[PDB]
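Input: a single structure, listed below in structure tokens.
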Amino acid sequence: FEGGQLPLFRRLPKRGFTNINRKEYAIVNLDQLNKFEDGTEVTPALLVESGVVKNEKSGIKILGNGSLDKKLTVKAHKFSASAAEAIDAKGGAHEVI
Amino acid sequence: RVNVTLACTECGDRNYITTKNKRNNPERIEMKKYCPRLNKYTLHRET
Amino acid sequence: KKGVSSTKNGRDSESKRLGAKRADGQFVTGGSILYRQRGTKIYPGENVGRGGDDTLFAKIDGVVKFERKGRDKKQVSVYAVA
Amino acid sequence: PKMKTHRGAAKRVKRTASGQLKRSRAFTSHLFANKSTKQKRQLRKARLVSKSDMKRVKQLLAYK
RNA sequence: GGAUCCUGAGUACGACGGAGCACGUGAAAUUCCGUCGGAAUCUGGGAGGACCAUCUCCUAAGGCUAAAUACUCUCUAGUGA
RNA sequence: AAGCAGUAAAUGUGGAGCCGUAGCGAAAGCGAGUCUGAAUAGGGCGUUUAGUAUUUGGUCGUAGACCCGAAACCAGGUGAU
RNA sequence: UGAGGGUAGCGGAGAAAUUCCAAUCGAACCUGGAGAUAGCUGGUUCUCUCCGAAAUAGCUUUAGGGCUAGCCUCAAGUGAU
RNA sequence: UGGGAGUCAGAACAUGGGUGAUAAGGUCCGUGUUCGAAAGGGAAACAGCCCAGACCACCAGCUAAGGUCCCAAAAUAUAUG
RNA sequence: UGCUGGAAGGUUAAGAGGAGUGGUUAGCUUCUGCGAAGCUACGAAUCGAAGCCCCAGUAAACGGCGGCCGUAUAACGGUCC
RNA sequence: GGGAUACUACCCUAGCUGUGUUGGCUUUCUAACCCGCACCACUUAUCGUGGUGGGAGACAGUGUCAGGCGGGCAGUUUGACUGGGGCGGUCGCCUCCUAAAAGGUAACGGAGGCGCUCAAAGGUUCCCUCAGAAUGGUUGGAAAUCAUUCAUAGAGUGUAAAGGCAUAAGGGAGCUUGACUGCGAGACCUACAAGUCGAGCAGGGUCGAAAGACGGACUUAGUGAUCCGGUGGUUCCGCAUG
Numbered sequence: 050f051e052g053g054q055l056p057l058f059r060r061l062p063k064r065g066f067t068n069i070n071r072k073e074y075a076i077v078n079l080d081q082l083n084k085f086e087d088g089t090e091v092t093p094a095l096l097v098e099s100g101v102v103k104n105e106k107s108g109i110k111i112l113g114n115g116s117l118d119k120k121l122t123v124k125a126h127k128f129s130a131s132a133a134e135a136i137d138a139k140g141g142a143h144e145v146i
Numbered sequence: 002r003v004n005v006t007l008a009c010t011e012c013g014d015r016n017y018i019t020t021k022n023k024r025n026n027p028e029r030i031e032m033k034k035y036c037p038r039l040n041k042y043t044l045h046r047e048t
Numbered sequence: 012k013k014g015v016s017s018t019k020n021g022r023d024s025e026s027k028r029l030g031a032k033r034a035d036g037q038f039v040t041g042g043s044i045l046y047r048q049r050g051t052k053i054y055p056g057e058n059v060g061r062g063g064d065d066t067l068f069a070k071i072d073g074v075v076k077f078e079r080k081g082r083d084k085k086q087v088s089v090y091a092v093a
Numbered sequence: 002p003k004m005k006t007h008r009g010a011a012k013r014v015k016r017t018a019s020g021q022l023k024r025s026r027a028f029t030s031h032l033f034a035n036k037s038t039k040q041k042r043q044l045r046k047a048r049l050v051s052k053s054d055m056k057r058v059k060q061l062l063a064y065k
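Residue numbers (the authors' numbering), protein chains in the order written: chain J, 50 to 146; chain 1, 2 to 48; chain U, 12 to 93; chain 3, 2 to 65.
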């Protein structure tokens, strides 16, 4: 309050809404996988244990910023474009659940 | 001297606005101008 | 107090801050303003746009040169030497 | 107890990357017949809160 | 098996107006109120927060119910940077 | 964290849960890109490590909230010695 | 003029006058809400050092109140800016 | 950059201007200065004028504004009128 | 104006007449209406109490009991209202 | 001619009878229901009770719903500025002067405009170029119209004043429709809200042979958030899925 001069929050208009089931997942980028081996199957509950993930949010999803140093295979929900790209660049693949 | 909010040929909503008068310009006017679904200056008409 | 009566003429305009904003030798931006006027007191010359309200801008970045324009008028000549 | 939040203001702005707050403009949502094109373009935008009002309001938003 | 049978009537439900239910006769779909009306009885019905399809859960209108909680006029004993 | 062993303690036990580690966009979505979309452009937001838990101090906020002090309003009662 | 009775506060009474209804009334007194409220006055408890203002915009059902700006202070950073 | 504030009644002089009556120790703006928030000396006393800022001593000295017959420190000084 | 009264010329609730109907969909045709007899529910031709106009009356009701030229309905003729 | 008799909604001009059965309106009954309605008595309680007869009577009243009145009642409001309140006034924008040669700035201080207008007064090519003055003459109230020569834009420019203007931004001829979509670094303003000018970029067209040049009028004013409501489209979502 400012002594009657209009609050900003009625000077300005309400907008927008919430897609109430907003879905982004337990996310993970790339380079964290360097802890693992080559060829090793890297799975959801594995990574839960491994502690790159603390819990599932709405599933899992990936992003390609890091660098892998590990040809190997995954079982995931979701992927970026670069994601499976750079899996199979070294090789290995993505049993996309 | 009053307003005119025009309906395009097929651009399908309420975009363009101008001034005219029903005394100097008593009838429905129309002329060329750029609409977006076309990439060109097409004709549009009064409603 | 007592009867003081109807009363009118206290009417004036919330002003505008006109004139210049930059000066001789000074270096500028692309959408930079150089002057706020009305009419033409000065005349855009080199690399100078003129917006609607007789506002002038320099089309480029660079430095300024005011100077005479006619025999008795004045202009601008922006140069982007660097 | 717990603070509460200005729900009406929650309905009115978006938080940013660092800490800032992205506001929807105003002078909209009605007639633009009396208006111009550059205006309708530059109002189809969104801007930021200023630190001044931010000081005014900082304790309002614990929960964004 | 259930083929047949009993399955909670002025009830359910609706209109009106009032509250409550975070939420405005409301969405109040849910639940009560008072005035008018006013149902099926499975082979049917109820819901699924505008709302319905399909789908699903249940099968209303009959009753009883410890434990896990609450406060201290108490009493006892004790404690008090 | 609740909760539990414990003893009006610690400690231990206790992972439901909370924050962060990717952002963009009302949203659908996408992702070091995203939004707008016509490109990335274009610019906004980004982008390009370090934060976390407890505590001290300051400040703010809700609770009378530095202290005293009205006129008055309401509810229920007393009074015609 | 007495002794006994009857009228109650949004009310009573009233040869009317805001006049009376326990030394007081333009609607009493007791308690309670209630630490009612108070942009209003007053008040606010030992020391030394260092820095050190303002009384101006501007919008206000606002003018002796407020809000930011302004001008202070403190520590983080920068670096001649 | 960010943390914590108070200030919104200002006053007088010079100065500029308006207004008023080339009124007002007026009134409104402005440019300076002092007080407020700053003691000391000078103007007899004399918040704003002149000189001028105190860290504490000290029976030391030099000067400023101003002053030099007595109260009261300093020239009855010179020379001129 | 208020009060009463009235032709009531007509205009006027809670009242009726009924031609026809969501979101989703069992319904007449597998590009398609009898709205019938279907969940969060519905239409007009028309009239329609109190009244609303219209007209009377209405001054020990309220009210006015006026005004101009010549004139401090304080005279008069022109006088208006 | 005044509508208008094929069928004819139905028909005043109707007639007539009540029919699945019922109430249209008014009556008669009366139980209902009532009766501060009189006699009998429990109860010497005549209260109440219940007979009695009489009344009225399906009426109102009563419950809900509805709508007209309602200082009878109750709670609120009843702006500020102000050389005290005060009546008067004024309260939102634009031009100038005060304003002190950057800008900026007061006064219940001085003067003036505004709550729009131009589809041509706009856009774009190609022409024109002053009123006015005298000069002077059918006109003539000198002057109109016309004409000679100078006139400073004194012309004039849609909207007050200001600057500015013959690049004409003034005036015409023709063309038309940029009074275009999606953007823009950037800069001004300012406390905030806001507000203001843009290179240019795609794009794409008008006119123009083009060159290119047009993102509304020479500038400035033309009412004002937001919520709410409405409307149409709709990368959206929208509930177990649809």
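Cβ atoms here follow ideal geometry from the backbone N, Cα and C, with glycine treated the same way.
A direct Cα-Cα distance of roughly 56 Å separates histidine 126 (chain J) from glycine 73 (chain U). Within the model, the alpha-carbon separation for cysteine 36 (chain 1) versus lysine 3 (chain 3) is close to 54 Å. In the DSSP assignment, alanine 75 (chain J) is bridged to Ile109 (chain J). Straight-line spacing of the CA atoms in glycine 60 (chain U) and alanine 69 (chain U) works out to 6 Å. With contacts defined by Cβ atoms closer than 8 Å, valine 92 (chain U) and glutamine 37 (chain U) do not form a contacting pair.
Scanning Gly65 (chain J), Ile111 (chain J), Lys103 (chain J), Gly53 (chain J) for the CA closest to the CA of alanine 10 (chain 3) turns up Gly65 (chain J). Under a criterion of Cβ atoms nearer than 8 Å, no residue of chain J is adjacent to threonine 6 (chain 3); the nearest Cβ is some 12 Å distant. Nearest CB-CB separation between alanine 34 (chain 3) and chain 1: below the 8 Å threshold.
Residues of chain 3 whose Cβ lies closer than 8 Å to the Cβ of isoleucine 18 (chain 1) are, in chain order, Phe33, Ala34. Under a criterion of Cβ atoms nearer than 7 Å, the residues of chain J adjacent to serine 25 (chain 3) are, in order, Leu61, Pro62, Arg64. Taking the C-beta atoms as reference points, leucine 82 (chain J) is found no nearer than 8 Å to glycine 113 (chain J). Within chain 3, the C-beta atoms nearer than 7 Å to that of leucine 57 (chain J) come from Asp54, in chain order. In this structure, the straight-line span from the alpha carbon of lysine 52 (chain 3) to that of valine 3 (chain 1) is close to 43 Å. Going by C-alpha positions, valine 102 (chain J) is about 7 Å away from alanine 75 (chain J). By the Cβ-count criterion, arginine 24 (chain 1) is exposed, with fewer than 16 other Cβ atoms from all chains shown falling within 10 Å of its own Cβ. With respect to chain 3, the C-beta atom of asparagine 22 (chain 1) has no partner C-beta closer than 8 Å. Rounded to whole angstroms, the separation of the alpha carbons of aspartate 23 (chain U) and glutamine 54 (chain J) is 24 Å. If you draw a straight line from the Cα of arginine 33 (chain U) to the Cα of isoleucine 44 (chain U), it comes to about 8 Å. Within chain J, the residues placing a beta-carbon under 9 Å from that of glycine 9 (chain 3) are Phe58, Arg59, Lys63, ordered along the chain. Taking 8 Å as the upper bound for CB-CB distance, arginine 45 (chain 3) and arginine 24 (chain 3) are not in contact here, some 14 Å apart.
Under the three-state reduction of DSSP, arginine 79 (chain U) is assigned to strand. Rounded to whole angstroms, the separation of the alpha carbons of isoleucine 71 (chain U) and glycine 41 (chain U) is 5 Å. Any Cβ of chain J closer than 8 Å to the Cβ of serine 30 (chain 3) would place that residue at the interface, and such an atom is present. Taking 7 Å as the cut-off between beta carbons, none of the residues of the segment 34-49 of chain 3 comes near chain J. Proximity of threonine 6 (chain 1) to chain 3, defined by a Cβ-Cβ separation below 8 Å, is satisfied. In terms of Cα proximity to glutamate 86 (chain J), the closest of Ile109 (chain J), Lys119 (chain J), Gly100 (chain J) is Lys119 (chain J). Every alpha helix (DSSP H) of 4 residues or more that sits fully in the segment 17-62 of chain 3 is shown, in chain order, as 38-43, 52-58. Taken atom to atom, the span from the alpha-carbon of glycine 62 (chain U) to that of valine 39 (chain U) is near 17 Å. Of the candidates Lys33 (chain 1), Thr48 (chain 1), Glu47 (chain 1), the residue whose Cα lies closest to the Cα of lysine 41 (chain 1) is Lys33 (chain 1). Chain J places no beta carbon closer than 8 Å to that of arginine 16 (chain 3), leaving this residue out of the contacts.
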